[PDB]
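Data block for start_33.tsv (TSV, C-alpha atoms and all ligand atoms):
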```
chain	number	residue	atom	x	y	z
A	1	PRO	CA	169.62	177.89	136.73
A	2	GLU	CA	173.33	178.64	137.16
A	3	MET	CA	174.33	179.78	140.63
A	4	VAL	CA	176.96	182.37	141.46
A	5	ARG	CA	178.11	182.52	145.10
A	6	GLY	CA	174.89	180.92	146.37
A	7	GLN	CA	172.81	183.32	144.30
A	8	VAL	CA	170.70	181.81	141.57
A	9	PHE	CA	170.63	183.66	138.26
A	10	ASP	CA	167.64	182.82	136.06
A	11	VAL	CA	169.20	184.11	132.85
A	12	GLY	CA	169.19	180.95	130.73
A	13	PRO	CA	169.48	179.87	128.14
A	14	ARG	CA	170.82	182.90	126.23
A	15	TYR	CA	173.32	183.54	129.01
A	16	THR	CA	175.55	180.70	130.14
A	17	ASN	CA	178.95	180.10	131.71
A	18	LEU	CA	178.74	182.64	134.58
A	19	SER	CA	181.53	184.38	136.55
A	20	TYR	CA	181.17	186.65	139.64
A	21	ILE	CA	182.10	190.37	139.40
A	22	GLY	CA	180.67	192.45	142.26
A	23	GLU	CA	178.22	192.73	145.16
A	24	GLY	CA	175.79	195.60	145.84
A	25	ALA	CA	173.41	196.41	148.69
A	26	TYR	CA	170.31	195.15	146.83
A	27	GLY	CA	171.87	193.82	143.63
A	28	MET	CA	174.69	191.61	142.36
A	29	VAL	CA	176.79	191.71	139.19
A	30	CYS	CA	178.28	188.81	137.26
A	31	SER	CA	179.79	188.08	133.87
A	32	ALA	CA	178.24	185.60	131.44
A	33	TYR	CA	178.49	184.35	127.86
A	34	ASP	CA	175.91	185.55	125.32
A	35	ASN	CA	175.09	182.68	122.97
A	36	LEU	CA	173.15	184.96	120.66
A	37	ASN	CA	175.83	187.62	120.21
A	38	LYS	CA	178.82	185.39	120.90
A	39	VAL	CA	180.50	187.44	123.63
A	40	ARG	CA	180.78	187.67	127.41
A	41	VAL	CA	178.58	190.29	129.04
A	42	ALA	CA	177.67	191.72	132.43
A	43	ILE	CA	174.44	190.87	134.20
A	44	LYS	CA	173.02	192.75	137.16
A	45	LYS	CA	170.56	190.95	139.42
A	46	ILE	CA	168.37	193.47	141.20
A	47	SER	CA	166.08	192.35	144.01
A	48	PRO	CA	164.41	195.55	145.19
A	49	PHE	CA	160.84	194.43	145.70
A	50	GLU	CA	161.15	194.00	149.47
A	51	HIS	CA	161.86	197.73	149.97
A	52	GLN	CA	160.23	200.84	148.49
A	53	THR	CA	163.44	202.87	148.32
A	54	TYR	CA	165.23	200.11	146.42
A	55	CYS	CA	162.22	199.96	144.11
A	56	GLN	CA	162.37	203.70	143.48
A	57	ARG	CA	166.06	203.46	142.61
A	58	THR	CA	165.54	200.57	140.21
A	59	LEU	CA	162.76	202.26	138.26
A	60	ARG	CA	164.73	205.49	137.87
A	61	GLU	CA	167.86	203.66	136.77
A	62	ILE	CA	166.06	201.52	134.18
A	63	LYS	CA	164.17	204.55	132.86
A	64	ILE	CA	167.28	206.68	132.46
A	65	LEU	CA	169.59	204.14	130.84
A	66	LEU	CA	166.83	203.08	128.46
A	67	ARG	CA	166.56	206.71	127.36
A	68	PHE	CA	170.39	207.37	127.26
A	69	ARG	CA	172.64	206.46	124.34
A	70	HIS	CA	176.25	207.56	124.66
A	71	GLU	CA	179.76	206.14	124.25
A	72	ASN	CA	180.75	207.07	127.82
A	73	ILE	CA	177.60	205.75	129.49
A	74	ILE	CA	176.80	202.09	130.08
A	75	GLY	CA	173.67	201.07	128.21
A	76	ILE	CA	171.22	198.23	128.66
A	77	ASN	CA	171.49	195.42	126.11
A	78	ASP	CA	168.56	193.43	127.48
A	79	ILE	CA	166.39	192.96	130.57
A	80	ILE	CA	165.38	189.56	131.91
A	81	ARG	CA	162.34	189.01	134.12
A	82	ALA	CA	159.51	186.53	134.76
A	83	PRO	CA	156.56	186.60	132.33
A	84	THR	CA	154.16	187.72	135.07
A	85	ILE	CA	154.09	190.18	137.96
A	86	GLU	CA	153.43	187.26	140.34
A	87	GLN	CA	156.46	185.24	139.19
A	88	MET	CA	158.81	188.23	139.15
A	89	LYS	CA	161.08	188.19	142.19
A	90	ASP	CA	164.20	189.63	140.56
A	91	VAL	CA	165.14	191.83	137.61
A	92	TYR	CA	168.20	191.20	135.47
A	93	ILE	CA	169.95	193.96	133.55
A	94	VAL	CA	172.25	192.91	130.73
A	95	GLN	CA	175.09	195.27	129.88
A	96	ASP	CA	178.31	195.34	127.90
A	97	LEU	CA	181.13	193.83	129.92
A	98	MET	CA	184.02	196.04	130.96
A	99	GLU	CA	187.39	194.66	132.06
A	100	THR	CA	187.63	196.68	135.26
A	101	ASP	CA	186.73	199.88	137.10
A	102	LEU	CA	188.76	202.89	138.22
A	103	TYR	CA	188.57	201.94	141.90
A	104	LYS	CA	190.19	198.57	141.18
A	105	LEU	CA	192.74	200.24	138.89
A	106	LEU	CA	193.84	202.97	141.33
A	107	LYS	CA	194.46	200.38	144.03
A	108	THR	CA	197.47	198.93	142.18
A	109	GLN	CA	198.32	201.19	139.22
A	110	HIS	CA	200.03	204.55	138.88
A	111	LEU	CA	198.43	206.68	136.16
A	112	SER	CA	200.40	208.66	133.61
A	113	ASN	CA	199.31	212.23	132.94
A	114	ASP	CA	198.14	211.14	129.49
A	115	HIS	CA	195.92	208.55	131.16
A	116	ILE	CA	194.60	211.05	133.70
A	117	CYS	CA	193.82	213.53	130.93
A	118	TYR	CA	192.00	210.97	128.76
A	119	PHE	CA	190.03	209.44	131.64
A	120	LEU	CA	188.93	212.88	132.85
A	121	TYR	CA	187.93	213.93	129.35
A	122	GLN	CA	185.71	210.87	128.97
A	123	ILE	CA	184.10	211.42	132.35
A	124	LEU	CA	183.24	215.01	131.49
A	125	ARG	CA	182.11	213.97	128.00
A	126	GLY	CA	179.68	211.49	129.50
A	127	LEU	CA	178.69	214.00	132.17
A	128	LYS	CA	177.94	216.66	129.57
A	129	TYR	CA	175.37	214.28	128.07
A	130	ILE	CA	173.84	213.42	131.45
A	131	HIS	CA	173.47	217.06	132.52
A	132	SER	CA	172.18	218.03	129.08
A	133	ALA	CA	169.35	215.58	129.79
A	134	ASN	CA	168.62	217.59	132.93
A	135	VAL	CA	169.77	214.63	134.99
A	136	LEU	CA	172.10	214.37	137.98
A	137	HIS	CA	174.10	211.17	138.48
A	138	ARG	CA	174.60	211.95	142.21
A	139	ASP	CA	176.98	209.05	142.95
A	140	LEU	CA	180.10	209.56	140.88
A	141	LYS	CA	183.07	207.63	142.27
A	142	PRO	CA	185.95	205.49	140.96
A	143	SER	CA	183.95	202.27	141.40
A	144	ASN	CA	181.24	203.66	139.11
A	145	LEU	CA	183.66	204.29	136.25
A	146	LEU	CA	184.26	201.23	134.11
A	147	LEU	CA	187.33	200.65	131.97
A	148	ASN	CA	188.54	198.41	129.17
A	149	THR	CA	192.01	197.39	127.93
A	150	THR	CA	192.01	200.31	125.47
A	151	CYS	CA	191.28	202.84	128.21
A	152	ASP	CA	187.69	203.47	127.11
A	153	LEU	CA	185.54	204.75	129.97
A	154	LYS	CA	181.85	204.37	130.79
A	155	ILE	CA	179.82	205.80	133.65
A	156	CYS	CA	177.57	203.28	135.40
A	157	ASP	CA	175.18	203.02	138.39
A	158	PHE	CA	172.34	205.53	137.95
A	159	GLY	CA	170.52	204.25	141.03
A	160	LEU	CA	170.68	207.57	142.86
A	161	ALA	CA	170.19	209.65	139.72
A	162	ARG	CA	167.50	212.32	139.61
A	163	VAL	CA	166.08	215.10	137.50
A	164	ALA	CA	167.71	218.39	138.45
A	165	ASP	CA	165.65	220.53	140.84
A	166	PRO	CA	167.58	223.73	141.59
A	167	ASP	CA	164.59	225.50	143.15
A	168	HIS	CA	164.05	222.74	145.71
A	169	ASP	CA	167.67	222.24	146.77
A	170	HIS	CA	167.75	224.06	150.11
A	171	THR	CA	167.75	222.17	153.38
A	172	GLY	CA	169.03	222.46	156.93
A	173	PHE	CA	172.33	221.84	158.66
A	174	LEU	CA	173.50	218.20	158.69
A	175	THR	CA	170.60	216.76	156.69
A	176	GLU	CA	171.10	213.01	156.07
A	177	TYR	CA	172.54	212.04	152.67
A	178	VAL	CA	172.63	208.75	150.74
A	179	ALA	CA	175.59	209.09	148.30
A	180	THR	CA	179.19	208.01	149.04
A	181	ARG	CA	180.63	210.21	151.79
A	182	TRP	CA	184.13	210.83	150.40
A	183	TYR	CA	182.62	212.40	147.27
A	184	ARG	CA	179.97	214.60	148.80
A	185	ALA	CA	180.17	218.33	148.10
A	186	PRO	CA	180.58	220.58	151.17
A	187	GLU	CA	177.11	222.06	150.63
A	188	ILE	CA	175.42	218.68	151.28
A	189	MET	CA	176.49	218.91	154.93
A	190	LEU	CA	175.40	222.54	155.15
A	191	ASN	CA	172.36	223.55	153.09
A	192	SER	CA	171.91	221.36	150.00
A	193	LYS	CA	169.78	218.38	149.03
A	194	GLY	CA	172.11	217.76	146.09
A	195	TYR	CA	169.56	218.65	143.42
A	196	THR	CA	171.92	220.76	141.30
A	197	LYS	CA	174.50	219.91	138.63
A	198	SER	CA	177.33	221.36	140.70
A	199	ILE	CA	177.08	218.30	142.96
A	200	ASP	CA	178.39	216.08	140.15
A	201	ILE	CA	181.26	218.47	139.40
A	202	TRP	CA	182.54	218.22	142.97
A	203	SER	CA	182.57	214.43	142.65
A	204	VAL	CA	184.58	214.67	139.43
A	205	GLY	CA	187.12	216.91	141.16
A	206	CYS	CA	187.50	214.31	143.89
A	207	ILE	CA	188.05	211.62	141.27
A	208	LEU	CA	190.63	213.78	139.50
A	209	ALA	CA	192.45	214.25	142.80
A	210	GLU	CA	192.32	210.50	143.38
A	211	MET	CA	193.72	209.86	139.92
A	212	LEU	CA	196.62	212.17	140.76
A	213	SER	CA	197.68	210.38	143.95
A	214	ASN	CA	195.95	206.99	144.17
A	215	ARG	CA	194.41	208.08	147.47
A	216	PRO	CA	191.01	209.66	148.15
A	217	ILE	CA	191.48	213.39	148.77
A	218	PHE	CA	188.77	213.79	151.42
A	219	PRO	CA	188.53	210.48	153.31
A	220	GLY	CA	186.00	211.39	156.00
A	221	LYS	CA	185.34	208.80	158.69
A	222	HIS	CA	181.80	210.06	159.30
A	223	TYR	CA	179.24	212.73	158.39
A	224	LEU	CA	180.70	215.96	159.81
A	225	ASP	CA	184.28	214.66	159.66
A	226	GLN	CA	183.85	214.86	155.89
A	227	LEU	CA	183.34	218.61	156.08
A	228	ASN	CA	186.41	218.89	158.30
A	229	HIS	CA	188.62	217.22	155.70
A	230	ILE	CA	187.30	219.51	152.97
A	231	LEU	CA	187.92	222.63	155.05
A	232	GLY	CA	191.31	221.23	156.04
A	233	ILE	CA	192.47	221.58	152.45
A	234	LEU	CA	190.25	224.34	151.06
A	235	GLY	CA	190.73	226.51	154.14
A	236	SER	CA	188.15	228.79	155.73
A	237	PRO	CA	185.35	229.88	153.42
A	238	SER	CA	185.41	233.55	152.44
A	239	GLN	CA	182.84	236.08	153.60
A	240	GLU	CA	181.37	235.85	150.09
A	241	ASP	CA	181.14	232.05	150.35
A	242	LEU	CA	179.36	232.46	153.67
A	243	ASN	CA	176.72	234.90	152.44
A	244	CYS	CA	175.20	232.07	150.40
A	245	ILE	CA	174.75	230.06	153.59
A	246	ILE	CA	171.69	231.61	155.17
A	247	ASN	CA	170.52	228.85	157.48
A	248	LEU	CA	171.92	229.89	160.84
A	249	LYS	CA	173.13	226.60	162.31
A	250	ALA	CA	175.28	225.99	159.22
A	251	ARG	CA	176.45	229.62	159.13
A	252	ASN	CA	177.27	229.72	162.84
A	253	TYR	CA	179.10	226.40	162.73
A	254	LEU	CA	181.45	227.68	160.03
A	255	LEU	CA	181.98	230.94	161.93
A	256	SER	CA	182.79	228.97	165.08
A	257	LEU	CA	185.74	227.26	163.44
A	258	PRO	CA	189.28	228.57	163.82
A	259	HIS	CA	190.80	230.19	160.75
A	260	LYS	CA	192.40	227.57	158.48
A	261	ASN	CA	194.73	228.25	155.59
A	262	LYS	CA	194.34	226.67	152.17
A	263	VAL	CA	196.72	223.80	151.48
A	264	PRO	CA	198.23	224.54	148.06
A	265	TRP	CA	197.33	222.02	145.33
A	266	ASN	CA	200.97	221.80	144.24
A	267	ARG	CA	201.98	220.74	147.74
A	268	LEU	CA	199.40	217.98	147.77
A	269	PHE	CA	200.33	216.92	144.24
A	270	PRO	CA	203.96	217.84	143.61
A	271	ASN	CA	204.20	215.80	140.39
A	272	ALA	CA	200.92	217.00	138.89
A	273	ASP	CA	200.51	218.86	135.60
A	274	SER	CA	199.92	222.52	136.40
A	275	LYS	CA	196.94	222.78	134.05
A	276	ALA	CA	195.44	219.76	135.79
A	277	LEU	CA	195.83	221.49	139.15
A	278	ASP	CA	194.19	224.62	137.76
A	279	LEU	CA	191.11	222.68	136.66
A	280	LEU	CA	191.10	220.72	139.91
A	281	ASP	CA	190.92	224.02	141.77
A	282	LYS	CA	187.90	225.09	139.71
A	283	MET	CA	186.04	221.81	140.24
A	284	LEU	CA	186.75	221.78	143.97
A	285	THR	CA	185.44	225.28	144.65
A	286	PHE	CA	183.62	225.64	147.95
A	287	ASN	CA	180.86	227.87	146.59
A	288	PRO	CA	178.72	225.72	144.30
A	289	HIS	CA	177.63	228.77	142.29
A	290	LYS	CA	181.26	229.58	141.46
A	291	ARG	CA	182.11	225.95	140.73
A	292	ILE	CA	183.03	225.26	137.11
A	293	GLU	CA	180.32	223.77	134.88
A	294	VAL	CA	180.80	220.63	132.77
A	295	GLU	CA	180.98	222.43	129.43
A	296	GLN	CA	183.44	224.90	130.95
A	297	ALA	CA	185.55	222.05	132.25
A	298	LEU	CA	185.70	220.50	128.77
A	299	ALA	CA	186.97	223.76	127.30
A	300	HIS	CA	189.72	223.98	129.93
A	301	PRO	CA	193.32	224.17	128.69
A	302	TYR	CA	194.14	220.86	130.41
A	303	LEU	CA	191.85	219.05	127.96
A	304	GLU	CA	192.84	221.01	124.83
A	305	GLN	CA	194.10	217.96	122.95
A	306	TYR	CA	190.72	216.21	123.19
A	307	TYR	CA	188.25	219.11	123.27
A	308	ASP	CA	185.82	219.15	120.36
A	309	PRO	CA	182.31	220.58	120.88
A	310	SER	CA	181.03	218.93	117.68
A	311	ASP	CA	182.11	215.48	119.02
A	312	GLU	CA	180.62	215.95	122.52
A	313	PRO	CA	176.94	215.12	121.93
A	314	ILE	CA	173.99	216.15	124.08
A	315	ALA	CA	170.65	214.48	124.80
A	316	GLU	CA	167.91	214.72	122.18
A	317	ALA	CA	165.15	214.34	124.78
A	318	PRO	CA	165.91	215.63	128.29
A	319	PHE	CA	163.76	214.53	131.24
A	320	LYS	CA	161.04	217.03	132.11
A	321	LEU	CA	154.25	205.12	145.71
A	322	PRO	CA	154.07	201.85	147.64
A	323	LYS	CA	156.53	199.07	146.82
A	324	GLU	CA	153.81	197.10	145.02
A	325	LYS	CA	152.82	199.83	142.58
A	326	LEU	CA	156.49	200.44	141.82
A	327	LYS	CA	156.81	196.76	140.97
A	328	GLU	CA	154.04	197.29	138.44
A	329	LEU	CA	155.84	200.20	136.81
A	330	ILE	CA	159.06	198.21	136.68
A	331	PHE	CA	157.10	195.42	135.00
A	332	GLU	CA	155.79	197.75	132.30
A	333	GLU	CA	159.15	199.42	131.61
A	334	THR	CA	160.69	195.99	131.07
A	335	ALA	CA	157.94	194.57	128.83
A	336	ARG	CA	159.80	195.57	125.65
A	337	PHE	CA	162.49	192.95	126.26
A	338	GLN	CA	160.14	189.99	126.56
B	1	LIG	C1	174.27	196.24	142.36
B	1	LIG	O1	175.19	197.26	142.02
B	1	LIG	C2	174.56	198.34	141.37
B	1	LIG	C3	175.59	199.38	141.07
B	1	LIG	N1	176.72	198.91	140.24
B	1	LIG	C4	178.01	198.74	140.93
B	1	LIG	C5	178.71	197.47	140.50
B	1	LIG	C6	178.63	197.39	139.01
B	1	LIG	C7	177.66	198.03	138.25
B	1	LIG	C8	177.98	197.75	136.88
B	1	LIG	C9	179.11	196.95	136.86
B	1	LIG	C10	179.75	196.45	135.62
B	1	LIG	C11	179.09	196.51	134.40
B	1	LIG	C12	179.81	196.09	133.29
B	1	LIG	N2	181.05	195.58	133.36
B	1	LIG	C13	181.60	195.57	134.59
B	1	LIG	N3	182.89	195.08	134.72
B	1	LIG	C14	183.71	195.19	135.88
B	1	LIG	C15	183.80	196.20	136.84
B	1	LIG	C16	184.74	195.73	137.75
B	1	LIG	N4	185.24	194.55	137.40
B	1	LIG	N5	184.58	194.23	136.25
B	1	LIG	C17	184.91	192.97	135.59
B	1	LIG	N6	181.01	196.01	135.73
B	1	LIG	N7	179.54	196.76	138.19
B	1	LIG	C18	180.69	195.96	138.62
B	1	LIG	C19	176.58	198.78	138.90
B	1	LIG	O2	175.69	199.35	138.26
```
Let's see the structure in the file written out as structure tokens.
Ligand SMILES: COCCN1CCc2c(cc(-c3ccnc(Nc4ccnn4C)n3)n2C)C1=O
Amino acid sequence: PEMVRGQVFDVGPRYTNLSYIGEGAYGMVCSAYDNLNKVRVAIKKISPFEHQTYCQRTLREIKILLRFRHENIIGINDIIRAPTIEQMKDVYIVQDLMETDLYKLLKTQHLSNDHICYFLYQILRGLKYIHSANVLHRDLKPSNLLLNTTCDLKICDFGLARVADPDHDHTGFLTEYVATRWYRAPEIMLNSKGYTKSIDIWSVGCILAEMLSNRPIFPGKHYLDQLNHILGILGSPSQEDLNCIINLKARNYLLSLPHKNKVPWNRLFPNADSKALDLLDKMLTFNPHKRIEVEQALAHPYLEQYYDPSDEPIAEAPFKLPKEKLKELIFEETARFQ
């Protein structure tokens, strides 16, 4: 039982010679050699069983990735677990190993426009597939985008993913959210549960902006501060934008704010490709109903060199409890790999 950073990984004997990669709230990721396929891989140790929420997230993630098969989406090579429900304390997800992630990359490397264009294309390509499956990733960020030496990109971390539920998206002002603050759409703070595809598009716009400058565009220090940052660049929402906000506390808060002017994209990104700024504007639209859709984004002039509808596949089969019972469902989903 090899140990990484005081954490025991029961992945032997197929997987030997382990190296640490990253640490999650209820899971850890390492690299390891695969003696059966003769290559290093990534292994995710998930220990969710002590909490129901963590158990919910694990089941959904496993279910989705086991259904999904796409070049721009991390798949599951294998799942390791104890032979019995009683002896199962942790679940191990084996995945292809990627050299790095976008978060790591942006910290020290300036991206060329060619790189920005290709990365963005691959994100949207993957996202087209996800959304075609009626699924929402709900946690897109640079750290969840893996890269390799040839600039191939794969979306990872489907823990907060859900089936789209447009008709059950409304909620009140300042309703608590789980996904990464800096990438939350303005509507989350005002009237949305984040059950619509537009939520993912906002996140992609934020990533694009971050690719352009190597700095997060809306770095909120707390819940409402996030909305402030967004308004600080987008400016005051139009009357039209406001008519879609019918819950009064959210509507009256916006109306209470002093008029703010829109900061021009070209002032924020003086070196940016103009077509890139045009698409950025469309992704970062305050009104989620006016926000560009994934397929629309792919057909945008900025991505003309890579756009090919025939080569941007969609899902063949879209998606239509106490902690203990969830453990049982996790057990069953993983039985195939025993
Ligand atoms: C417990 O966390 C759950 C959420 N979560 C975030 C951390 C993570 C996941 C998958 C990988 C992974 C997968 C494949 N290759 C890589 N490579 C890689 C990336 C950076 N550096 N490196 C070497 N990372 N990482 C690093 C993942 O699903």
All residues having an atom within 9 Å of ligand LIG 1 (chain B) (only C-alpha atoms and all ligand atoms) as a VMD selection string | chain A and resid 20 to 31 41 to 46 74 94 to 104 143 to 148 154 to 159
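Here atom CA of residue 117 of chain A and atom CA of residue 290 of chain A stand 22.9 Å from one another.
Using all atoms listed in the file, every residue with an atom at most 6 Å from the point (198.4, 204.8, 143.6) is listed here: residues 106, 107, 109, 110, 213 and 214 of chain A.
As for atom CA of residue 295 of chain A and atom CA of residue 171 of chain A, they are spaced 27.4 Å apart.
Atom CA of residue 71 of chain A sits 24.0 Å away from atom CA of residue 15 of chain A.
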Could you pull the residues within 9 Å of residue 88 of chain A, counting all atoms listed in the file, minus those fewer than 6 positions along the same chain, as a short mmCIF file (atom, residue, chain, number, x, y, z; two decimals) with C-alpha atoms, in the frame of the given file?
```cif
data_model
loop_
_atom_site.label_atom_id
_atom_site.label_comp_id
_atom_site.auth_asym_id
_atom_site.auth_seq_id
_atom_site.Cartn_x
_atom_site.Cartn_y
_atom_site.Cartn_z
CA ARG A 81 162.34 189.01 134.12
CA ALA A 82 159.51 186.53 134.76
CA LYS A 327 156.81 196.76 140.97
CA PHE A 331 157.10 195.42 135.00
#
```
Is there a way to get, as a ChimeraX atom specification, all residues within 12 Å of the point (165.5, 204.8, 135.9) in file coordinates, counting all atoms listed in the file?
-> /A:54-68,75-76,93,135-137,157-163,319,326,329-330,333-334
Write the residues you've just listed into a file as a PDB file, keeping the file's coordinate frame, and include C-alpha atoms for each of them.
```
ATOM      1  CA  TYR A  54     165.230 200.110 146.420  1.00  0.00           C
ATOM      2  CA  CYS A  55     162.220 199.960 144.110  1.00  0.00           C
ATOM      3  CA  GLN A  56     162.370 203.700 143.480  1.00  0.00           C
ATOM      4  CA  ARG A  57     166.060 203.460 142.610  1.00  0.00           C
ATOM      5  CA  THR A  58     165.540 200.570 140.210  1.00  0.00           C
ATOM      6  CA  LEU A  59     162.760 202.260 138.260  1.00  0.00           C
ATOM      7  CA  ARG A  60     164.730 205.490 137.870  1.00  0.00           C
ATOM      8  CA  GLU A  61     167.860 203.660 136.770  1.00  0.00           C
ATOM      9  CA  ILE A  62     166.060 201.520 134.180  1.00  0.00           C
ATOM     10  CA  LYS A  63     164.170 204.550 132.860  1.00  0.00           C
ATOM     11  CA  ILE A  64     167.280 206.680 132.460  1.00  0.00           C
ATOM     12  CA  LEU A  65     169.590 204.140 130.840  1.00  0.00           C
ATOM     13  CA  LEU A  66     166.830 203.080 128.460  1.00  0.00           C
ATOM     14  CA  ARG A  67     166.560 206.710 127.360  1.00  0.00           C
ATOM     15  CA  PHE A  68     170.390 207.370 127.260  1.00  0.00           C
ATOM     16  CA  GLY A  75     173.670 201.070 128.210  1.00  0.00           C
ATOM     17  CA  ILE A  76     171.220 198.230 128.660  1.00  0.00           C
ATOM     18  CA  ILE A  93     169.950 193.960 133.550  1.00  0.00           C
ATOM     19  CA  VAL A 135     169.770 214.630 134.990  1.00  0.00           C
ATOM     20  CA  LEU A 136     172.100 214.370 137.980  1.00  0.00           C
ATOM     21  CA  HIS A 137     174.100 211.170 138.480  1.00  0.00           C
ATOM     22  CA  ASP A 157     175.180 203.020 138.390  1.00  0.00           C
ATOM     23  CA  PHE A 158     172.340 205.530 137.950  1.00  0.00           C
ATOM     24  CA  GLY A 159     170.520 204.250 141.030  1.00  0.00           C
ATOM     25  CA  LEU A 160     170.680 207.570 142.860  1.00  0.00           C
ATOM     26  CA  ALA A 161     170.190 209.650 139.720  1.00  0.00           C
ATOM     27  CA  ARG A 162     167.500 212.320 139.610  1.00  0.00           C
ATOM     28  CA  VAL A 163     166.080 215.100 137.500  1.00  0.00           C
ATOM     29  CA  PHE A 319     163.760 214.530 131.240  1.00  0.00           C
ATOM     30  CA  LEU A 326     156.490 200.440 141.820  1.00  0.00           C
ATOM     31  CA  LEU A 329     155.840 200.200 136.810  1.00  0.00           C
ATOM     32  CA  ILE A 330     159.060 198.210 136.680  1.00  0.00           C
ATOM     33  CA  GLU A 333     159.150 199.420 131.610  1.00  0.00           C
ATOM     34  CA  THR A 334     160.690 195.990 131.070  1.00  0.00           C
TER      35      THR A 334
END
```
In terms of the shortest atom-to-atom distance over only C-alpha atoms, which of A:91, A:124, A:272, A:11 is closest to residue 34 of chain A?
->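 Once distances to residue 34 of chain A are computed over only C-alpha atoms, the minimum belongs to A:11.
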Write out as a ChimeraX atom specification each polymer residue whose atoms come within 12 Å of residue 222 of chain A, counting all atoms listed in the file; drop sequence neighbours fewer than 2 positions from it.
-> /A:174,176-177,180-182,184,189,218-220,224-229
For residue 313 of chain A, the nearest of the candidates A:130, A:284, A:80, A:18, counting all atoms listed in the file |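 Closest candidate: A:130.
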May I have the residues within 10 Å of residue 277 of chain A as a list in words, using only C-alpha atoms and disregarding those fewer than 6 positions away in the same chain?
-> residues 208, 209, 212, 264, 265, 266, 268, 269, 270, 283 and 302 of chain A
Between A:142, A:186, A:48, A:166, which is the closest to residue 207 of chain A once you count only C-alpha atoms?
->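 Among the listed residues, the smallest separation from residue 207 of chain A belongs to A:142.
Using only C-alpha atoms, the smallest distance between any of A:105, A:185, A:164, A:230 and residue 263 of chain A comes from A:230.
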Quick one: residues within 8 Å of residue 312 of chain A, all atoms listed in the file counted, chain neighbours fewer than 5 positions away excluded, as an MDAnalysis selection string?
-> chainID A and resid 125 128:129
Residue 243 of chain A environment, 12 Å, all atoms listed in the file, sequence neighbours closer than 6 positions dropped, as a ChimeraX atom specification | /A:237,250-252,254-255,287,289
With all atoms listed in the file as the basis for distance, which of A:179, A:292, A:242, A:188 is at the shortest distance from residue 205 of chain A?
-> A:292
Restricting the calculation to all atoms listed in the file, which member of A:279, A:294, A:140, A:178 is positioned closest to residue 198 of chain A?
->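 Of the candidates, the smallest distance to residue 198 of chain A is held by A:294.
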